[PDB]
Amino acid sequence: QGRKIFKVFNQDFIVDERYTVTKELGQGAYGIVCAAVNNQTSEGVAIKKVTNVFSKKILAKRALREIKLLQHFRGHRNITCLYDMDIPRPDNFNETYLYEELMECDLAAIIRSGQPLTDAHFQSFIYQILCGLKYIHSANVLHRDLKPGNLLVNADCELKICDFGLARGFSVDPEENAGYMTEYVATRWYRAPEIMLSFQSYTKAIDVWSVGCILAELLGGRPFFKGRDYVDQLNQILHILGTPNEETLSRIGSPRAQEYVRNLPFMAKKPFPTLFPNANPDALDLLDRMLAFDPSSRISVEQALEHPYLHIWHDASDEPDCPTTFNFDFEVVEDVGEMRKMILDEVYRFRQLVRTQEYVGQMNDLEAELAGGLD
């Protein structure tokens, strides 16, 4: 066997025998998560039981998407690192276990706690997000659902992005970009306006917008655009950013939406200094650029990393790109039996994988020559 069975969330939770489940962390539409310790090494881990994987084609597609994306993005300081995967009952398996780097809080909880945060905390959080996002984007992946809840934080206030279940491909080739699959809808409060407005310009700017909403939420201590539905969300965005210009207006590819926006009364932009009069002016300038209504005017991740607000943190030599782009060919598979086969392949291949000039060099070279000279 080699495994232990725990009872959590009123169901079986079957883990590697090296681990002891310590604590229930949460449950969502896709499974349940517990914290655990490696009893030998005392290392902590989050164990995620992805549940009912083959109950719906959509659940199996999401599981396979998360499994592959998590592997692609291991080894970044600001991204939750996948350590292991396991399928304890492979005969008729309807679940997969992912073993991920454990994190004590999330940014939504920290903001909820009301604990005091300094402008330096805000800078650190935004910087870390953008570093992780630069890595993800450099692989031509859009996270697509960034929000305080998926930004995990430990006691050192170190921050890591999690949850690739809704991520989406991106391509500069319009035909390819339009074919990338989007099974689930992202979180309304944080979703970029060009999406509900059918700009058809699905771009990396959609994530930058979410980062802006997060910065705004840090500055005010509460969600910035808190729409109860999409009409309400639109009205709240426009009430802050104001009537867009004719060019932006004409990019609204949805006729009811364009009609609605065009007929609204004039609305002046509400300047962010009036809304956050105690904030650092550099924070509000970067906020203004991240919450540009029109994606074409929105700051890019790399420009944001170079913004004066983050100049203390910015070290381009310390902001790596991902070595390769991620391949989304799998998402054309529509047969669940084949998705099962592919998930087994992913898990077994990953399991074997994880179980496998400078001054000194110049002087070592010179030393070897000086010893092996004459004679």
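One-based numbering along the sequence shown.
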Notebook entry, point to check: Between residues given as residue 10 and residue 11, how many of the deposited sequence are not built: none, 1 to 3, 4 to 9, or 10 or more?
Noted result: none
Next item on the list: Would you determine, from the values in the PDB entry, which of 257-265 and 95-103 has the greater average C-alpha temperature factor?
Entry: 257-265
Check: Which wins on mean Cα temperature factor, 34-42 or 320-328?
Finding: 34-42
Check: Looking at 180, 125, 73, 224, which has the biggest Cα B factor in the entry?
Finding: 180
Item checked: residue 66 - Cα temperature factor, lowest/middle/highest third of chain -> lowest
Notebook entry, point to check: Relative to the other modelled residues in the chain, which third contains the C-alpha temperature factor of residue 249: lowest, middle or highest?
Noted result: highest
Notebook entry, point to check: Of the three thirds of its chain by CA temperature factor, lowest, middle or highest, which one includes residue 148?
Noted result: lowest
Margin query: Quick check on the deposited entry: does the C-alpha B-factor of residue 212 sit in the lowest, middle or highest third of its chain?
Written below: lowest
Notebook entry, point to check: Taking the C-alpha B-factors as the PDB entry records them, is residue 220 in the lowest, middle or highest third of its chain?
Noted result: lowest
